[PDB]
Structures are given as structure tokens and as C-alpha cells.
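Participant: Take a look and give me a structure for this.
(5 chains, ligands or ions: 13)
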Amino acid sequence: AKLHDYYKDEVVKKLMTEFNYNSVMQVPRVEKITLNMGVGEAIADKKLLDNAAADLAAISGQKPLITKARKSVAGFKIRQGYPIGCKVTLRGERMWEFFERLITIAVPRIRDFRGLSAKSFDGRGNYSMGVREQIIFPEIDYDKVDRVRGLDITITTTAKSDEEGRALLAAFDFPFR
Amino acid sequence: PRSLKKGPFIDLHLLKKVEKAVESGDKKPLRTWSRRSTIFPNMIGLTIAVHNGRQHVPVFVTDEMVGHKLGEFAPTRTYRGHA
Amino acid sequence: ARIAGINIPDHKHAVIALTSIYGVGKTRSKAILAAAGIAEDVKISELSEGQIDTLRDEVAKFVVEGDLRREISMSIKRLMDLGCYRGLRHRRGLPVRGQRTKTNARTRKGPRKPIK
Amino acid sequence: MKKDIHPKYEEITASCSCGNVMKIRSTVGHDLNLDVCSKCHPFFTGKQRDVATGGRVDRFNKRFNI
RNA sequence: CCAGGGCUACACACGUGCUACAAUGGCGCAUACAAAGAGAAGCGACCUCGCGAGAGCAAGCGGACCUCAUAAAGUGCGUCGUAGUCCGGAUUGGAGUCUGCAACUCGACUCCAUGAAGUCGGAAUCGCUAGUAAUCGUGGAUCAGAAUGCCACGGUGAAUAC
Ligand SMILES: [Mg+2]
Ligand SMILES: [Mg+2]
Ligand SMILES: [Mg+2]
Ligand SMILES: [Mg+2]
Ligand SMILES: [Mg+2]
Ligand SMILES: [Mg+2]
Ligand SMILES: [Mg+2]
Ligand SMILES: [Mg+2]
Ligand SMILES: [Mg+2]
Ligand SMILES: [Mg+2]
Ligand SMILES: [Mg+2]
Ligand SMILES: [Mg+2]
Ligand SMILES: [Zn+2]
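Facilitator: Numbering: from 1, shown residues only, chains lettered A, B, ... in the order given. Ligands and ions are numbered 1, 2, ... in the order given. The coordinates are given below.
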């Protein structure tokens, strides 16, 4: 957790100024960063579900939790209980070491990288963005791949409104636009 | 395209028409049969209704129409489809 | 063996494997290596690590992968919204360069549509 | 964390074209080479010059002079 | 009589062609071998620039004298080693040159970026008996410009006919 010490010493005192907080507990922080692969093509065979979890475990070094269908719908042709995705919940020491490689190594490797949106914080601080390529990480070999996946990022935080979460991540010099 | 040591091509009459238009200061639709003349930057901001073989259809010249020609905005055939 | 924001192949030669960049051909890649100072028949693998560094400083001055896909999409959409003759042919799927469309217009229109 | 199920994880050291010799913790196993650190990539001076919308009149008067 | 437009349109149907789907080939480099033609408002050496089509200055010839003019396939050496590829070249983006009052509709050509279909084609059908077929170049007439067409020329050169 390199960037966590950078949060504690300099990002807190910055945010105390521009929002006039009257308690050290009132400043925003981040709770968790969640990485979802919605792999719908596992209903054809379990072979593609198994190699998608070998990707995202190599990216973020925890074991992925396979998700299941909440309700059984016919427009997508799934029952109630079919495995339809995976996820990893990152917290604490392991959270910032994804967020270190994220805004330094992994994100500027995107083909035709222009920058990210900022109207994308759903009212209550929580940023969620999606990535179009699992190749961008320095983990997976470019030649050893077989099938292209895709995932997203969800940065849950303790910001009260839409504005405080934009100013939180901006003091981590986040590459908006 | 026309050569560059020759320079641009324009009719001598439409050059006198646009000059007389800007010097007088009108927004009257100038009707001219010069589809073969290249638009000059004094023609920007005027309505110049260039003929298409059948009638006169108006063109209000914006910025991005400088190196083009007037015939490109006056379509000379007509086509909706076969069925 | 990684040049210009894409991956360039390993076991192909010098001037050939650079043509994987959207923006160079056989001629412009000879301009890369004759300026930099590398022989042309070595592969992109077994180029040294002081060789891949400077080779992008030859590449960066060209308008390439993302910088070149946007200005073509800016060029064609600029022809769309003026109302020129060219952009009418870009929004109607009928070719632009004067060619006969009575017969042999099978690229811009796609292959043959049967009558229904 | 459970001592059996997880993949390995260890400090590696990442080298970029910007002269960075940077230290992370990653599941690669070997070392790492980069091309774009977030200190060099055209993100604060690149998006400015790459647009270049260009003066339409200066397309016309660079070609010639009357 | 005149200016612009049309004869160049395109859900589509048939006839005749050129280029292809590659190694008996592509590219690069060196290097051998023709015949028939035209030319005065014509063809336009060398030199000088230009990535190049060209431009500049400007000899030479009414022509077995001079120019158009460099034949290509081939051979020597070298590489790429079966992939939609160092095969194929369509198609579009930005620049150009030229002839021409004038290149938007609606010209040819150059340079650079893009790099489709196509991996030998169902039934059916055509040409050809020897310097033929196959192959690869080259000239000419119409013509300001604009040949995969038409007419003419040589190089290589088969299989087979009970
Ligand atoms: Mg390329
Ligand atoms: Mg008339
Ligand atoms: Mg006709
Ligand atoms: Mg048919
Ligand atoms: Mg080729
Ligand atoms: Mg060969
Ligand atoms: Mg020269
Ligand atoms: Mg194909
Ligand atoms: Mg080419
Ligand atoms: Mg094959
Ligand atoms: Mg002739
Ligand atoms: Mg002619
Ligand atoms: Zn780099």
C-alpha cells in the first residue's frame, strides 16, 4: 500500500480545506474496489468460465467468487442458479496495490487512450468504469491468450454526494480528461 | 485539381458579383451558373444560389466550403429509389 | 518487440514487422531504420534494449494509431454535414471516385442483394 | 487470508521508457518492462496538440498569394 | 443561337474482357536478347532540380542520319518458407502534377496512409492442329487530354489426332 500513506499525510489536509470539514472523520475515504467479469457464455460450456477466472485472479491476486443467477429469465436463457460471472472484493492493504498499478501502469496502456468520464459517479460518490480489454495489465501474456474477455472497476467510497467523490479521486491525480 | 502555379480558378463575372455584394452589403440571393468557380473567402456569409441544370438552389457559405466548388452543393440529378 | 502502442510481431524482419502500425508502409519504415541506423533484415526479436528505445522517437513524429484513426473519421464526417457531393456519396453507400455504379459497385454496396 | 487457495504475490520492480525504475507488488513472477509510465504519457500535453482543427482560410492562403 | 445539366443515374438482370487467388511465385539487386512502326502547332538527347508523374534551360531531326526507345518473360546471386501471408490489389483519407477558357458532376497519372472479395469456381459452355495454343512485351490509328477496346509486331514455345 504505497498510495495509502499518500492519502493519510497530504490528501486529507487538502480535502479539509476545500469542503470546510469540522471533524477528521468527515473527510472521504475509499472502502473497496470490485472487479466483475460478467461471463454469459458459460451456459454453452464451463470451459470458458474456467479460463476467465484464471485471468482475473492473475490480475488481482485473490481467488474469484463465482456469482449465480438471482432470477430465472428467458430473454437471456438462464435458470435460477447457473454460474454467470465472477468477482473479487479488494480491501485494505491489497486494495491500494491494485490502485497503484491502475493509475500508473494499467490504464495508459489502453489503445487510443483519451481519458475517462467524470459524469459517472451515480450521485453518492461511487465511481464505476469499465475496461474493454484484459490485455492492458502486465500479467497476462499477449500470446498465451485464447479468447478476449472484459471487466469493469467499481470504486466504492464514503463520499456523501457526487461532488466529494470527484474531488477525492482528483487528489489521487486521477486521469479524468 | 487545378495546378498551383496556375493558382485558383474563378469566373471574372462572379468575382465582380461578390465584390459588388460585399461592398454594397446585401443578403440578396446571387444566382450564378458558375459551378466551375472555386469559392473565395470573401464569399463566406453570403447566399449564392448556384444552378443545377433545372433551377437555382441556394447556398449559404459557411467556413469549411473554401477549397470546394459551387457545384458540389447544387445536385444535378434526382433519385429516390427503385421500389 | 513492442513498438507504438500495439504489439509488433516477433519472428518477422525489421521493415516488415513495423508495417503492423496503422500509419506506415514499406517505404516509411525504411525511413525509420536508415535514420536510426539498424540493418533491415534482422528481426524485431533479438534487437537490443538500447534499440527499442530510440526507435519510437522515430515513430512518435508520425501521425499514427489513435492520432490517425480519428482524423479520417473527422474527415469523412466533415464531408457528411456540409452537403457536398462527396459526403452525399459517403452517406448513401455509393462510391466517390467517379466509378460506374450501373455495374461493378460491389465494394461500397456490399455483395448482391436479391429482390424482395 | 487462506493460506492455500490464493495465487502467489510478491514485490517486483517495473522499468519504463521514461527512465522509471518503479516498485510494485504483482503476480507476474519475473520482472517487468514498460513503455508508458503515468509521468510521461501524452495525457497533459498530448490531447492539446493532437486535435489541430486548423484554420480553413490558412489552408487557402498557404497554397498561394494574390 | 446560347449557358448550365444529361448521354457517366442504380434494389437489379445477361454478353465480351483485364487483374488475381501465389514458390513454374512476390520483392530487391546485377545482367542478355527483338521485330514492326510514327514524327512540324511534331518527337522532344544530355545537363539541372524534384520521393515521383514532371519542370527549367535547351541541342537533334520532314528523318536506315535524329529522337519516340529502356523490350519483357529469361539468366546469375540473395531473401520471404504455406499464414488471407514480404500473395492479391480493390476501396476510401490527405497531398500533387499535367493537358486544357475550364477537371464538382465527369480525365489520366504520381507520392504517401488505408489494405475488400479472392485460396482455382455447380450444372452448363467456348477457342485451338505448329511456329498453332499458351505465355511476355512492344507499336499504331481516333486524339488537347483520355485503352483492360480495336488493329499490327516480334521473343519463348507445347500436348495430341486410334
Ligand atoms: Mg501498417
Ligand atoms: Mg450546350
Ligand atoms: Mg454512351
Ligand atoms: Mg449471370
Ligand atoms: Mg504486393
Ligand atoms: Mg523469388
Ligand atoms: Mg534526376
Ligand atoms: Mg477472405
Ligand atoms: Mg502500393
Ligand atoms: Mg494454399
Ligand atoms: Mg496515339
Ligand atoms: Mg491521345
Ligand atoms: Zn516507452
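
Participant: Give me the phi and psi for the residue of chain A found nearest ligand 1.
Facilitator: Nearest residue of chain A to ligand 1, counting by Cβ to the ion: residue A:111, 14.6 Å away. For every residue, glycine as well, the C-beta is placed using N, CA and C. For residue A:111, the backbone dihedrals (degrees, to the nearest 10) come out as phi -60, psi 130.

Participant: got a list of what it touches?
Facilitator: Applying Cβ atoms under 8 Å, 6 or more residues apart in numbering or on different chains to residue A:111 gives the contacts A:133, C:5, C:6, C:65, C:66.

Participant: among these, which are in helices?
Facilitator: C:65, C:66 (DSSP state H).

Participant: Who wins on neighbours among the contacts of residue A:111?
Facilitator: residue C:5 (21 neighbours; other Cβ atoms under 10 Å in any protein chain shown).

Participant: how far away is that one from ligand 1?
Facilitator: 13 Å (Cβ to the ion, to the nearest Å).

Participant: before we move on, what about residue D:12?
Facilitator: For residue D:12, the distance to ligand 1 (Cβ to the ion) stands at 33 Å.

Participant: give me the beta-bridge partners of that residue?
Facilitator: residue D:24 (DSSP bridges).

Participant: What distance do you get for it to residue A:72?
Facilitator: The spacing between residue D:12 and residue A:72, counted by Cβ to Cβ, to the nearest Å, is 44 Å.

Participant: Tell me which of those two has more neighbours.
Facilitator: residue D:12 (17 against 12).

Participant: Can stretch C:15-22 be said to contact chain D?
Facilitator: No. Stretch C:15-22 is not in contact with chain D by Cβ under 8 Å from any Cβ of the partner chain; minimum separation 13.7 Å.

Participant: Spatially, what comes nearest to residue A:40 if we skip its sequence neighbours?
Facilitator: Among residues not flanking residue A:40 along the chain, residue A:84 sits closest, at 6.2 Å (Cβ to Cβ, 6 or more residues apart in numbering or on different chains).

Participant: helices or strands next to the host helix or strand of the one you found in the packing?
Facilitator: If you go by DSSP states H and E, residue A:84 is part of strand A:83-91. Based on contacts counted as 3 or more Cβ pairs under 8 Å, 6 or more residues apart in numbering or on different chains; DSSP states H and E, the elements that strand A:83-91 packs against are strand A:30-37, helix A:47-59, strand A:65-68.

Participant: Tell me the helices and strands packed up against the shortest one.
Facilitator: So the one you mean is strand A:65-68. Contacts defined by 3+ Cβ pairs under 8 Å, 6+ apart place strand A:65-68 against strand A:83-91.

Participant: Just after the strand it packs on, pick out the following helix or strand.
Facilitator: Downstream of strand A:83-91, the next assigned helix or strand under DSSP H and E is helix A:93-101.

Participant: related to what we said a few turns ago, what lies in contact with the strand holding residue A:84?
Facilitator: Residues outside strand A:83-91 that contact it (Cβ under 8 Å, 6+ apart) are A:31-40, A:42-43, A:46, A:49, A:52-53, A:56-57, A:60, A:62-69, A:78, A:98.

Participant: so what strands line up beside it?
Facilitator: If you go by DSSP bridges, strand A:83-91 pairs up with strand A:30-37 (antiparallel), strand A:65-68 (antiparallel).

Participant: could the ones you listed go into TSV alongside distance to RNA strand E and mean neighbour count?
Facilitator: Formatted as TSV, the strands paired with strand A:83-91 follow (distance: least, Cβ to the nearest atom of the strand, whole Å; neighbours: other Cβ atoms under 10 Å in any protein chain shown):
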stretch	distance to RNA strand E	mean neighbour count
strand A:30-37	28	18
strand A:65-68	34	14
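
Participant: is it possible to export those strands to CSV including distance to residue C:99?
Facilitator: Below are the strands paired with strand A:83-91 laid out as CSV (distance: least, Cβ to Cβ, whole Å):
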stretch, distance to residue C:99
strand A:30-37, 47
strand A:65-68, 54
